[PDB]
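# Structural description and commentary
The chain contents come next:
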Amino acid sequence: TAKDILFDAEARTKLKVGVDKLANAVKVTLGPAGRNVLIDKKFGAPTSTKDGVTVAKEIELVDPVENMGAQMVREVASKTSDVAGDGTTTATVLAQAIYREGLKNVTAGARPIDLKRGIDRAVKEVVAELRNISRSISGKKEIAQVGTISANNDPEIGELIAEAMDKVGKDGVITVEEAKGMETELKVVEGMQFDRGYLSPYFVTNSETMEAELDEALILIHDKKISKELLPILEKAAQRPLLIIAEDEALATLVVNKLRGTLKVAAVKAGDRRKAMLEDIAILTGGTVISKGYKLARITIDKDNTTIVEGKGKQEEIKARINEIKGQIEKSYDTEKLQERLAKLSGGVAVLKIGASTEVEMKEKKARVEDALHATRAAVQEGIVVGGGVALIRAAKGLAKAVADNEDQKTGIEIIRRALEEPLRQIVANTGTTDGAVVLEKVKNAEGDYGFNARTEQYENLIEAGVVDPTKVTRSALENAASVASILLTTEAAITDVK
Amino acid sequence: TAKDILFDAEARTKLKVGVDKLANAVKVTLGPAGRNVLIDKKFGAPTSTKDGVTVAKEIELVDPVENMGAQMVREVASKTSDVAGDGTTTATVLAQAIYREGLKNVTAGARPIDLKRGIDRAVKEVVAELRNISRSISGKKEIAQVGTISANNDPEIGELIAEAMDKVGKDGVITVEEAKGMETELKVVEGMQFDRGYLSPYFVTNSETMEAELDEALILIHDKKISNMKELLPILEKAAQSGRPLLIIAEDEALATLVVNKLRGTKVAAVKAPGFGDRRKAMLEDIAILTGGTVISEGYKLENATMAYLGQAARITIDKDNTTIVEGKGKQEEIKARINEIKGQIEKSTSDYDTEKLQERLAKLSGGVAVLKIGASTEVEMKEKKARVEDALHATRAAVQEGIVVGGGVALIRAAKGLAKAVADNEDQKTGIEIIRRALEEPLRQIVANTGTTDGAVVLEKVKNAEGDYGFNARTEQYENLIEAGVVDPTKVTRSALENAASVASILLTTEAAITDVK
Amino acid sequence: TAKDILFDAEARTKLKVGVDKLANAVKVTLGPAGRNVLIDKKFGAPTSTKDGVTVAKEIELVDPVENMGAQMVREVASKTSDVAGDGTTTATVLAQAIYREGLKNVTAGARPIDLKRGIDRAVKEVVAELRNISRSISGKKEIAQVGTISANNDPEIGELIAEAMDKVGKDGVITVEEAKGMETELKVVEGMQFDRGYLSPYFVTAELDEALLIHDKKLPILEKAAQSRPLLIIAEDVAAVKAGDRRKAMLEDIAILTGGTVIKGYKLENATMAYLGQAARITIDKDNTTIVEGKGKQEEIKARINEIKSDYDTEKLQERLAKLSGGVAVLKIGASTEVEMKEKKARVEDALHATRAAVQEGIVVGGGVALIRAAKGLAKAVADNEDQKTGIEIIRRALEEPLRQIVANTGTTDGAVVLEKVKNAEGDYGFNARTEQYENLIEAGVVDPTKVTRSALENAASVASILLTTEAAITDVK
Amino acid sequence: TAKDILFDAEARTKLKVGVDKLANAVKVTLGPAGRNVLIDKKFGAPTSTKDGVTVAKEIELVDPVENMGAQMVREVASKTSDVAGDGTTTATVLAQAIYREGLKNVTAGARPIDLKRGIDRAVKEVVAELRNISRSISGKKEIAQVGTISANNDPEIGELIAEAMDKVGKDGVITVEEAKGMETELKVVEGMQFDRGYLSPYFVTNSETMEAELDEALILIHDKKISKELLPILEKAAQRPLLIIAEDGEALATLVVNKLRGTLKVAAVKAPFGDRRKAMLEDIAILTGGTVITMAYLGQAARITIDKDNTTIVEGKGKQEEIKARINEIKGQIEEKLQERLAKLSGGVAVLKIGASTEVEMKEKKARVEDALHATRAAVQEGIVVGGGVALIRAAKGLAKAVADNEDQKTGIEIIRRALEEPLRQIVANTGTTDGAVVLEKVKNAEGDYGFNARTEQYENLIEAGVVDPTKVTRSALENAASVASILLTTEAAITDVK
Ligand SMILES: [Ca+2]
Ligand SMILES: [Ca+2]
Ligand SMILES: [Ca+2]
């Protein structure tokens, strides 16, 4: 269709309006002092949410140029919680500050590409200093402590996550499921996980976790493309859910039936490494690959992940596949990919069964366990830092190592320096305090983990009081915010359809 | 869809208009002097109602942000009369007062978070003082006295409610049904109650009470989710040959078939199974042996279709929060054996948790269901006094729990004495406390205002300077002793009205943004 | 659906506009001098009517709040005519006057509730005095005269009602059908009638010969009884009629008069057709169901009478004795042509209904004079304050409105003098709008049943009291 | 339908508005300093691209006359990247500058046709001088250098391109597929290609590459026209896709509906004229194992790729002695186009199997090879000039040989003179510096390969620094730009439908 094109300053200023509309909406929920946001419904009472992810997913604008900038910062900041599980709102606040002060200097005559270089060099040094203050977590002692903090002072949850990672390892597969009663238990079952996600978002079973739950599901292994093709195998299977695994018209047939009352299915994709894993996935679930003269318990489907929990094969035939994998190990960079498959079959999947007195309390703990698990998995990888937005301020000391080739690149370093204070400035601002300018000054002049705690409105040691953020959360927020702001600063044109 | 966003003062002020539109409409019906509200109808004469709940259900606004505030106060205040049986309009009047005075101070420089803390600390002390001034109701004598007051001075109803609570206890299951004649009687029949709702409001039989009533219904017990609408077709078709309604008890768009089929023609309802996990499979058997049927586990829904496996009961009532099975057709023989089985498992007493967890299951099959059959000379007279029994029953149920206090809004004023124990960390928190102090007078000030007098300021002064149960009775327009005169409220109603009102008023003060779709 | 809300003065003022629009349309038809109203139709010539009820049923307004006030008065004033024969327009005129003066004082600062208390106290005393001046009607001579006046001065119609009420009694069942010829014949036939009626609007046909089903509780017999005779279905659920403690006792009474039995050891699915009571002819319209010649056992019906023959309950089942022992008189009216027959047959039904009401609560002077005479009872009305006293005064001036509208419809501007000459006079002296002369209205034949007059005032004060106490009007957004 | 007509200057001015909107949007992506362009999406985050080809395809205008000017320049400039593999953005920048100065002199009173004559004489001289300063590429040493440059300094890619051209020759057919594993290999099979592509774009299997890919399809040779008729033999092979090769309407649309729907994947390609087309039909039979005009008459093998202007068959179904029998028959005629007939079967097709560590890196490396392969074929053909827009400035010395009859024709010569420096002026402008006027004068004064490198923002020798463009790219962008700009200068009327 026809287009409307905006150029340079007129395009960048209108993008700022959309970025500001997104940020100002989500940033009021930042921190423990975050305020309440009302999201209207079509009928009934509205939704009261203090979560910044809920507010962000509802943000949409009438003006397409403003909506572009709002959707740009949304997609980039959303990639923070994908590999971490927290910090989307922090990245959004940072992205607004980096882009606001960047445009001010671009208007002043600074080169946008030099401001980008100064930002990119400043970010590498802030992350460097950020890892210097990072404290790694390993062992069932301090792992259970991180899980207890993320579970809001629940030591029984921390040990459940600690003893789970002591079986399959720190890189192992951990799954949370509902128990059969008050007792919470931990067991390990045969299963694997790969990096192929769902083909369409319409396969999501519950928007709470954005996953797809298939209970007692049949598995279909196919090495060819999709575009349905074979009705009888698919139609007769509807007489238990079915997971279809192919190499790629037929997708629309599965989406309509997914929303339909019956025929509940999901579609997940799978060189020669894929041919061997399909037979390995079929030997685990007892199925048969179709490639080869073939003609015609729980499965969790995430965005980037697919996990088969307790796939039922033959116990002896699955172990016979293990002998073939390690047998080829002794016969050989190429051997690294083969040993990965060895840990998937023999490693298993640790399942965390959570239960409570009532059903609403059983789903209460399951919500906290999945949150505590996701945060602890990130704390084991890149470590932990001080929360409350202080770690970004402490990491500002590393800016002295940033080298600016000219004045404009030095300005970009100053933009990052002033942006690091914005998350803490907003956390104090959400308390309704008019003195928040002094609060930032005391925390900045201090050292270490000393900072302002917005929950009790008291100055104390944040790590000692349980206020901490995963290092992966803090560094990803700054990297993503600086990424989207640099793309918007260097954007000379904005193209959109005509209404 | 694209969104429009309001921020801070502009959002809170727009939300206040919706709360005022809701409150000003419902509050004219408060008290015995409450005035009449005309509600337009599609065709014919309009509906005249003095009931604040009926007026509240009709309130809807064109402005999306204003409608949000109106629906916020509506849902939270509706929870007052949900558990306590009354107090919805009082919760709305209190919510408008706390929110109005709250917004005045926010624009004056007060932090909303410290106001909320001052609000919450004041309410905890006012509820505390309500507990101290509350008279606990116990014993067959005064229970009938409370039931007589709630019945509008009918001694027969109070004695009937008191006798019902004597058979099944305080927590027993009591239902109100129509009788066959002028004689009012009480019948205790075998049954139980579990908390589960219908899977869709379209199953509701009588939209006035929002209940699904089934006479001589068939009970289908299944422990797994049904998404099929295929394997269940032969057993559902075999129920059409019987002609009696069907209640499907399962774990769970297959429910859309039964919702549309029963709405447009031929009469069945479905609810979720009670509990979960291993405790669900055991309760489904108790809900089976009681109704005279068997559980379908892994038999199957497709094959093995037998009406002997289906249970049946005389009457089954399903509200949104609960499902009641009255007079199950299961024989008394195996029911006695099921009791000794659970009592034998309770005699083992292994885990301290499972000990009382199993007794909750035993008490449902032991105490049964007490049925109150109400009748009169004419059919229209029975429907009048049947609604009075259902109101008097729910009022007495709440009176036995938390006690009773003085009505006429005086208990809220008397409970202000507890504000001296409310500690304030700063002036903003102290401001939130005096916001609660001025809000407690609002229910009485509105009750007096509904009399039409301009002297309400003087009436509020006499009652506050009075002592104990002395207050103004808006019905007779006389200063007297309200408890001696029969003006009383369950303590649960009064404390829930203030708690809910302060809850929704605190959320709106802490609301910095309002998101709504573009028109 | 979103709503628009009005409060207090704004709400009640717009409600008054709708009430004024309804009253001003119907009140021009009041009295014998009432004027003419044209009602548009879809195609052809419009309908012209002097009847206030016809104009009332056509009143619908575009403004929802104004329409609510019009439908309020319409529904309440229509209840006056449930059993009246007249008086629907009078109740609307009274409701307009009470509500107008009510709002007028509410704006002046009077409490609406104190006005309502004064209104209700004033009505009880007016109705009390209305019964003191009322004259009871009993005996075939007085009933024949009242029936003649209700027949538009037809002496034989009044005698027909009197002789029919002479054999079956004052409370007896009287029905009207069409004669088979010129002769108008009255004959007492066996049967009973109750107050129930058809459960739906349809099946008007309801004339059923050889009815040939009594079911107390909530299928194959319908197809069985169809071949071998229209069936009547009496149950609590080719015609069906609805059926507390005295309900089942009368089910056996109908089962004895009919040749069947009540279908609780009887199942409606397994019930034989021999249990179906068969009568001669059944006539069912809306509020009544008439059974004629139930064809039951004369020995069983005579035995059930002896079975019947502690205070209000003893007289409750004593009315069932009049069902079996008493009969149903049939009035068959005929003439030379069908146009003169069906018209005269409708005049008998309208005259019988008025005569039935005159026997119950009595008769009072017409022309709106009874409401003015009954104003003397207001001296017994006790006022607790000045606001309630103004409520007494509202009713006082309201009672003059019906007579003032009758004189206004004559087109004269002298109606103010006619109202004063009536109030200064005592007794039955009044103004006859037919001859436009002063005379005694009872001797002149101008009279209304006391039930008609008291119901118009009680209903008018009722609907006007609700509107004065209405603080809110909620309507759907356009 | 009714029309709106604009005449002369009124029509040419409106066309310029559309030309400017196309150029100004695409030109910000020109050069290594090119800046991002945000293109809106129906839902989700918008597309951010630095590619001028992606931006150009999105430009569409509301005004009909303005859209004509944008579509004229876009289609003509797209022919640059079609044959030469690149330079479609440069052609748009040149066409904007030529048409801008053209209209400016037409308003000054210069005859448009003499401006066109002056432009065309100048282009022939600039292209001639561009050939003089070009450097021919030959041998495995020079080809490996060009392939490594187009691969962003990846010696494995440059050597593979030179090795592939070492077998099939300079003009031989080279195709790129995806390898079955980590190892990158090379294989040669017996195949041929012809200049006839697909009949309809709806047969495209893969998008954004403007092509169609048939994996393991069947070939049918038909000498007549296809207008349901031959359907009886079509469903016999429907129980694998098939490739129909015939002279061509009615039944062609039936295959279009079956394409987008996904039932019986098929593609139609015109037969390669007269007796010569039937002669190549036998070569398309014997080599492909089919029979000219039954399931025995349809050959097949490997994968068939179908471009717009091209179609390729791979590896054939023919027997080893069967292909040699027809090769001896064509070689039977001794004593100019008959040599190209036997150069197809005997030439073969070189298949490039590209692979990487993961599946995501393979498609990034594969597209890198496909761009390098297309860039190398232009280097071996017309040579290589200096990049960075310097070759257009150096070739301006050839304007002395251009003979101008009158002043208007001399004006056209100078229009080309000022336009040749426009691409370099835009590359420096994309850096954000306001001093770019100095960079242009400093490069113009220097001689040879000395020019400005916008990647490092420093002056150097561009040929030794890796900055180079194929001569075919530079000369085509100028010839295409001057072509469309001359048509618009001579356009006296613009006719378009009424809205
Ligand atoms: Ca809405
Ligand atoms: Ca209407
Ligand atoms: Ca859009």
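Calculation notes
- Residues numbered from 1 in each chain as written, not as in the entry; some residues may be left out.
- Chains lettered and ligands numbered in written order.
- Part of a larger assembly, values for the part shown.
- Heavy atoms only, no water.
- Residues with missing side-chain atoms left out of burial classes, pairs and counts.
- Helix = DSSP H or I, 4+ residues; strand = E, 2+ residues; numbered from the N terminus.
- Rg over C-alpha atoms; globule rule 2.2 N^0.38 Å.
- UniProt positions renumbered as here; feature names shortened; annotations may be inferred.
- Contact = heavy atoms within 4.5 Å.
- Salt bridge = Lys/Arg side-chain N within 4 Å of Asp/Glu carboxyl O.
- Pairing = 2+ DSSP bridges.
- Axes fitted to C-alpha atoms, helices over the stretch in contact; angles between N-to-C directions.
- Left-handed = near helix turned anticlockwise from the far one by under 90°.
- Nonpolar A, V, L, I, M, F, W, Y, C, P; charged D, E, K, R; others polar.
- Domains from an automatic or database assignment.
- Polar contact = N/O pair within 3.5 Å; in protein donor to acceptor, adjacent residues only side chain to side chain.

Its PDB header attributes the entry to X-ray crystallography and lists the resolution as 3.00 Å.

In this section: the overall build of chain C. When you go through chain C residue by residue, the secondary structure sums to 18 helices and 18 strands. By the compact-globule yardstick of 23 Å for 478 residues, chain C fits well, its C-alpha radius of gyration being 26 Å. Its C-alpha atoms put chain C at 70 × 60 × 60 Å along the principal axes.

Secondary structure assignment for chain B yields 19 helices and 18 strands. For chain B, the C-alpha radius of gyration of 26 Å lies close to 24 Å, the compact-globule estimate for 519 residues. If one aligns the C-alpha atoms of chain B with their principal axes, the spans along those axes are about 75 × 60 × 60 Å.

A separate point is the UniProt feature "binding site: ATP" in chain C. Residues and elements named next belong to chain C. Per the UniProt record, "binding site: ATP" is annotated on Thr 29, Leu 30, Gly 31, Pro 32, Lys 50, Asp 86, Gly 87, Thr 88, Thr 89, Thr 90, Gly 367 and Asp 448. Note that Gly 31 resides in the loop between α1 (8–26) and β2 (37–39). Examined against the element boundaries, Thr 89 turns out to sit in helix α4 (residues 88–107). What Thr 89 contacts, discounting residues up to four positions off in sequence, is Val 26, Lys 27, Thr 29, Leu 30, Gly 52 and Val 53.

Take the UniProt feature "binding site: ATP" in chain B next. Residue and element names in this part refer to chain B. In the numbering used here, UniProt assigns the "binding site: ATP" feature to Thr 29, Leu 30, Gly 31, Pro 32, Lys 50, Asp 86, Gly 87, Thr 88, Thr 89, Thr 90, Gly 408 and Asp 489. By the element assignment, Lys 50 lies in the loop between β3 (47–49) and α2 (52–57). If near-sequence neighbours (up to four positions away) are discounted, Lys 50 is found in contact with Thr 29, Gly 34, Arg 35 and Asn 36. Inspection of the secondary structure puts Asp 86 in the loop between α3 (64–83) and α4 (88–107). Each residue touching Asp 86, except ones within four places of it in the same chain, is listed here: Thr 80, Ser 81 and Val 493.

Moving on: the pattern of salt bridges. Two residues, B:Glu58 and C:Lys3, come together in a salt bridge whose shortest N-O distance is 3.2 Å. Taken together, the positions of B:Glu58 in the loop between α2 and α3 and C:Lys3 in strand β1 (residues 3–7) put the pair across two chains. Between B:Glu185 and B:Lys373 there is a salt bridge; the shortest N-O distance is 3.3 Å. Because the salt bridges share partners, they merge into one network encompassing D:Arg100, D:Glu101, D:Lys104, D:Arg418, D:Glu421, D:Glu422, D:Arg425 and D:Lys444.

With that settled, consider the environment of C:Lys345. All names here are of chain C. Turning to its location among the elements, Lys 345 is positioned in helix α12 (residues 338–361). Along the primary structure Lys 345 and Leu 331 are separated by 14 residues, whereas in three dimensions their C-alpha atoms are 9.0 Å apart. Residues in contact with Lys 345, not counting those within four places in the same chain, are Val 176, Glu 177, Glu 178 and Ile 333.

So, about the sheet that holds strand β9 (residues 242–246) of chain D. Residues and elements named next belong to chain D. Ordered in space as β10-β9-β8-β11, the four strands form an open sheet in which the pairing is mixed. The sheet terminates laterally at β10 (266–270) and β11 (299–300), the two strands that pair on one side only. Of the pairings in the sheet, the one linking strand β8 (residues 218–221) to β11 comprises two bridges and is antiparallel in character. Paired with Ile 219 across the bridge in β11 is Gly 299.

Okay, the arrangement of the chains next. Ranking the three pairs of chains in contact by contact count places chains A and B at the top. No part of chain B reaches chain D; the closest C-alpha pair between them is 11 Å apart. Considering only C-alpha positions, the minimal separation of the non-contacting chain C and chain D is 31 Å.

With that settled, the discussion passes to the environment of B:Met72. Following the sequence through the fold, B:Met72 ends up in helix α3. In sequence terms B:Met72 and B:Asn152 are 80 residues apart; their C-alpha atoms lie 33 Å from each other. For B:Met72, the contacting residues outside a window of four places in its chain are A:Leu38, A:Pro46, A:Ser48, B:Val504, B:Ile507 and B:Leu508.

Residues and elements named next belong to chain B. Viewed as axis vectors pointing N to C, α4 and helix α19 (residues 491–509) meet at an angle of 35°, and their least axial separation amounts to 8 Å. The two elements α4 and α19 cross, and the hand of that crossing is right-handed. Contacts between α4 and α19 pair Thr 90, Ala 91, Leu 94, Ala 95, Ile 98, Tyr 99, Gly 102, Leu 103 and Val 106 from the former with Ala 497, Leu 498, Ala 501, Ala 502, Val 504, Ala 505, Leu 508 and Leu 509 from the latter.

Here the focus is the interface of chain B and chain C. Residue-level contacts link 31 residues of chain B with 29 residues of chain C. Elements that contribute at least two residues to the side of chain B that touches chain C include exactly α1 (8–26) and β2 (36–39) of chain B. In terms of residue count, the dominant contributor to the side of chain B that touches chain C is β2(B) (four residues). Along the lines of polarity and charge, the residues of the side of chain B that touches chain C split into 13 nonpolar, nine polar and nine charged. Sheet analysis places β2(B) next to strand β18 (residues 470–476) of chain C, joined by four bridges and oriented parallel.

Interface extent is often summarised as the accessible area lost during association of the parts. We note that the domain assignment places domain 1 (1–134 + 404–519), domain 2 (135–190 + 366–403) and domain 3 (191–365) within chain B. Computed from C-alpha coordinates alone, the two centres of domain 1 of chain B and domain 3 of chain B are separated by 40 Å.

Right, let's get into the side chain of D:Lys27. Following the sequence through the fold, D:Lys27 ends up in the loop between α1 (8–26) and β2 (36–39). Of note is the side chain of D:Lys27, whose polar atom sits 2.8 Å from the side chain of D:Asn24.

In this complex, chain A contributes 35 residues to the contact, which on the side of chain B involves 37 residues. Here the side of chain A that touches chain B takes four residues from strand β2 (residues 36–39) of chain A, the largest share from any one element. Taken together, the residues of the side of chain A that touches chain B sort by class into 16 nonpolar, eleven polar and eight charged. As judged from the four bridges shared by β2(A) and strand β18 (residues 511–517) of chain B, these two strands associate in the parallel manner. Directly across from A:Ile39, in β18(B), lies its bridge partner B:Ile515.

Right, let's get into the domain arrangement of chain C. All names here are of chain C. By the assigned domains, chain C splits into domain 1 (1–134 + 363–478), domain 2 (135–190 + 325–362) and domain 3 (191–324). Taking the mean C-alpha position of each, domain 2 and domain 3 sit 26 Å from one another. Each side of the interface is counted separately: domain 2 has eight residues, and domain 3 has 13 residues. In terms of residue class, the side of domain 2 that touches domain 3 is made up of three nonpolar, three polar and two charged.

All names here are of chain B. Both strand β4 (residues 173–178) and strand β13 (residues 369–374) contribute to a ladder of six bridges, which runs parallel. Each residue of the ladder has a partner; that of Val 176, found in β13, is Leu 372. Looking at chain direction, strand β5 (residues 185–189) and β13 are connected through five bridges and run antiparallel. Across the sheet, residue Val 189 finds its bridge partner in β13, namely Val 369.

This brings us to unusual backbone geometry. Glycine aside, residues mostly have negative phi, and peptide bonds are mostly found in the trans state. A positive phi angle, close to 60°, is found at B:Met229, a residue other than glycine. Position of B:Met229 relative to the elements: it lies in the loop between β8 (218–221) and α8 (233–242). The phi torsion at C:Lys295 lies on the positive side, around 60°, for a residue other than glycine. The residue C:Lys295 is located in the loop between β12 (289–292) and α10 (298–308) in this model.

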